[PDB]
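A look at the structure
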Amino acid sequence: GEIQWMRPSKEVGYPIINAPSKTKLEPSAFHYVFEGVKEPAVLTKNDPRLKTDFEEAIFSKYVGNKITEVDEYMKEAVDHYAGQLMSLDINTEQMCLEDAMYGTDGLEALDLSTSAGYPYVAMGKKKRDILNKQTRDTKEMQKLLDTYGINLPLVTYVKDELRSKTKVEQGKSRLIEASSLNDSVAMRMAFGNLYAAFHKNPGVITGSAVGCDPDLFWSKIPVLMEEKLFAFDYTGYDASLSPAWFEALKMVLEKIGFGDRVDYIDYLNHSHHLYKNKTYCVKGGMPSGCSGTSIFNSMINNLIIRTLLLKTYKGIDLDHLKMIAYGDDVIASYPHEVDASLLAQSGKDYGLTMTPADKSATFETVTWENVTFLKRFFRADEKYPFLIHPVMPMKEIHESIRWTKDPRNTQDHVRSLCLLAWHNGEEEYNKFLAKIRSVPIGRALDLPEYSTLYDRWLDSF
Ligand SMILES: Nc1ncnc2c1ncn2[C@@H]1O[C@H](COP(=O)(O)OP(=O)(O)OP(=O)(O)O)[C@@H](O)[C@H]1O
Ligand code: NA
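Per the PDB record, the structure was determined using X-ray crystallography to 2.6 Å resolution.

Let us now look at the site of ligand 1. In the region of ligand 1, 14 residues are neighbours, and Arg163, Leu175, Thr235, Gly236 and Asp238 sit closest. Backbone polar atom of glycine 236 to an oxygen atom of ligand 1: 2.6 Å apart, as the coordinates give it. Between ligand 1 and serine 288, the relevant distance is 3.3 Å, taken from a nitrogen atom to a side-chain nitrogen or oxygen of the residue. Isolated, ligand 1 exposes 650 Å² of accessible area, and the fraction of that covered by the protein chains is 67%. When residues of the shell around ligand 1 are traced back to their parent elements, those giving at least two are β6 (175-178) and α10 (237-240). Residues that form the shell around ligand 1 fall into these classes: 4 nonpolar, 3 polar and 7 charged. Domain assignment of the residues forming the shell around ligand 1 places at least three in each of domain 1 (1-13 + 70-202 + 243-284) and domain 2 (213-242 + 292-367).

Attention now moves to the packing of helix α13 (residues 293-312) against helix α14 (residues 340-349). The description of two helices packed together rests on the angle between their axes and the distance between the axes. Following both chains from N to C, one finds α13 and α14 inclined at 105 degrees, their axes separated by 9 Å at the closest point. For the element pair α13 / α14, the angle class is roughly perpendicular. Contacts between α13 and α14 pair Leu308, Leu309, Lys311 and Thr312 from the former with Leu342, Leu343, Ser346 and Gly347 from the latter. In terms of residue class, the contact of α13 with α14 is built from 4 nonpolar, 3 polar and 1 charged.

With mixed pairing, 5 strands are arranged side by side in an open sheet as β1-β10-β9-β4-β6. Whereas interior strands pair on both sides, the edge strands pair on one side only; in this sheet they are β1 (2-8) and β6. Put simply, the sheet's adjacent strands are angled 30 degrees from each other on average, direction ignored. Pairing between β1 and strand β10 (residues 278-283): 6 bridges, direction antiparallel. Bridge pairing in β10 places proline 8 opposite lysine 278.

This part is about the sheet that holds strand β11 (residues 322-326). The strand order β7-β12-β11 describes an open sheet built from 3 strands, whose pairing is antiparallel. Sheet topology places β7 (228-230) and β11 at the edges, where each strand pairs with a single neighbour. For this sheet the average axis-to-axis angle between neighbouring strands, irrespective of direction, equals 15 degrees. Seen against the sheet, α13 touches β7, β11 and β12 (329-334) and runs at an angle of roughly 140 degrees to β11.

Attention now moves to helix α19 (residues 450-460). Buried residues of α19: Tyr450, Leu453, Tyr454 and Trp457, and no others. Along the long axis of α19, the arc covered by the buried residues comes to 95 degrees, so they all point the same way. Looking at the buried residues of α19, the elements they touch are α9 (214-224), β15 (388-391), α16 (410-421) and α17 (426-436).

This part covers the side chain of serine 28. Inspection of the secondary structure assignment puts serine 28 in the loop between β2 (26-27) and β3 (39-40). One polar contact links the side chain of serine 28 to the main-chain carbonyl oxygen of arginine 402, over a distance of 3.0 Å. Here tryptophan 403 takes part through its backbone nitrogen, which lies 3.1 Å from a polar atom of the side chain of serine 28.

Moving on to the coordination of the sodium ion (ligand 2). Coordination sphere of the sodium ion (ligand 2), protein contribution only: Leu268 (O), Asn269 (O), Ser271 (OG), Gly284 (O) and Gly285 (O), at 2.7 to 3.2 Å. Going along the chain, you hit the donors of the sodium ion (ligand 2) in the pattern L-N-x1-S-x12-G-G. Just as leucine 268 is buried, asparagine 269 falls in that class too.

Moving on to the environment of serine 87. Tracing the backbone through its elements, the reader meets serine 87 in the loop between α2 (72-86) and α3 (97-102). By relative accessible area, which is 55% here, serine 87 ends up exposed. With 169 residues separating them in the primary sequence, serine 87 and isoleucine 256 have C-alpha atoms 9.8 Å apart.

Further remarks concern the domain arrangement of the protein. For the protein, the assigned domains are domain 1 (1-13 + 70-202 + 243-284), domain 2 (213-242 + 292-367) and domain 3 (375-461). Each of domain 2 and domain 3 has a C-alpha centre, and these two points are 29 Å apart. Across the contact, 9 residues belong to domain 2 and 13 residues belong to domain 3. Surface buried jointly by domain 2 and domain 3 totals about 850 Å² across both partners, of which 64% is contributed by carbon and sulfur atoms. On the domain 2 side of the contact with domain 3, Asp215, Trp218 and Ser219 bury the most area, a combined 63% of that side's loss.

This part is about the environment of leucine 131. Tracing the backbone shows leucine 131 in the loop between α5 (127-130) and α6 (139-148). A relative accessible area of 3% places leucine 131 in the buried class. Leaving out residues up to four positions away in the same chain, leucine 131 has contacts with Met101, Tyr102, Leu110, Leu112 and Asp137.

Calculation notes
For each chain, positions are counted from 1 along the sequence as written; this may not be the entry's numbering. Residues without coordinates are not shown. Each chain gets a letter, beginning with A, and each ligand a number, beginning with 1, in the order they are written. As a rule here, side-chain values come from all non-hydrogen atoms in the structure, and water together with hydrogens is ignored. Throughout, the term near means that a residue has one or more heavy atoms lying within 4 Å of the molecule or strand in question. Polar contact is defined as a pair of N or O atoms within 3.5 Å, subject to the rule that within protein one atom must be able to donate a hydrogen and the other to accept it, and that residues adjacent in sequence are counted only when both atoms are side-chain atoms. Accessible surface area values rest on a Shrake-Rupley calculation with a 1.4 Å probe, where residue burial reflects the displayed protein chains alone. Only runs of H or I of at least four residues qualify as helices and only runs of E of at least two qualify as strands under DSSP, and these elements are numbered from the N terminus. For this scheme, ten residues count as nonpolar: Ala, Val, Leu, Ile, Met, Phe, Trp, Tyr, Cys and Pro. Four count as charged, namely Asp, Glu, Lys and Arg, and the remainder, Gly too, count as polar. Those domain boundaries reflect an automatic or database domain assignment. What counts as an axis is a line fitted to C-alpha atoms, over the stretch in contact for a helix, and the angles between N-to-C directions run from 0 to 180 degrees. If an angle is under 35 degrees, it is roughly parallel; if it is over 145, roughly antiparallel; if it lies from 65 to 115, roughly perpendicular; otherwise it is oblique. Contacts: residue pairs with any heavy atoms within 4.5 Å of one another. A pair of strands counts as paired when DSSP detects no fewer than two bridges linking them. Burial classes: relative accessible area under 20% of the type maximum marks a residue as buried, over 50% as exposed, and values in between as partly exposed (1.4 Å probe, protein chains only). In this context, the arc is that of the directions from the helix axis out to the C-beta atoms. Distances decide who is a donor: an N, O or S atom must be within 2.8 Å of the metal, or within 3.2 Å for Na, K and Ca. Water is not included, so sites may look incomplete. Summed over both partners, the accessible area lost on bringing two parts together, with a 1.4 Å probe, is the buried area.

Rendered as structure tokens:
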């Protein structure tokens, strides 16, 4: 990913974008009851915490494009993956605007919360006026589509979230590249069935984990994997992607019945952005807020791992590559051990920066004891080991609970964290509940008891 040019949105007929300059994250009732070291991300150039230019930093993610064409390996990678997907018998038809707007089996309705994007964001018009569940009225949207068309600029916001002190001082705030309700709808109509098939099929055939339910899915994964697990982390995956990987992606879509509209992929690759008062053009890089960012990122990651394997181990049997990805995150396996470090090397050549799994100092042997996926670990239940516990570190929860954006969502926020934490074990969960109930706010929450959660879990399978 790389920015071709950037300039005053006025110089090209685009209005300025008002981006709130103050975070919505303030200390929560449990701020001093739990330990945390994260603070809200820098939102403006002025943040006294900054130690380098904000503009430079928030864009540093676009390290450039490393490859040009789609080589032999990539092509083979494409064939193999496209091969697997073929077996899912994916419906290639388009999705009727209605099902695409309000949802259908395999696809959730649009999220009334997220930005409507341009031009609406600048017109004040919000989704709540265009959509409206009850009737599933296509008319207003249908109208707006003809009126404003598609392939509209991406509105860019700084993501308001908790970050390390380092990523605070270094202005390393993440950015949200929001898509227009139109493009979002168009794409959902174009790929809606692809999206559905993936959500309904997390596993090693789609190589996707998108849509998955950790509480159930974790037990299925170990069975799907091969003997030897191999993993690593990406650094700026999304932004590091080069045009070639997008072309490779289209080659797959094409091979499975979507050549029809692979054009949509072109705007993810080459895209138009509006950030504040400026406008820029990016070559490469997967935008964060588009319909299908997750899935396409996962499909591409599936192409990548195959590639680096075909390029490093001539003769490698891709059919025994069992991997599951969720955007840049991934968990893979092969009958034989492989060198993560070696693969990471071939990676640089493809414009990917790969480092030891979970910020390890070095690439080490991946095991069921240390491997993570979505920050979560794998732990077989003591009483019934054939049931695997998706285990997220308590630290992650402690951090999240020390802050709040809205007091009205405290019940929901804590309840959620509880559904995550209890997997750490009864002793741990109860200490957690104890502390929560050590201040007025918590004592007023409707939190589930361990035994309740654990039994429900057992029956869920
Ligand atoms: N608006 C967004 N919302 C959600 N996720 C985003 C958004 N923008 C980018 N991302 C994701 O976050 C990633 C970057 O997160 P992060 O700042 O932690 O960088 P990192 O590469 O993980 O750093 P490190 O290599 O040191 O671990 C992107 O590659 C992309 O997957
Ligand atoms: Na882009």
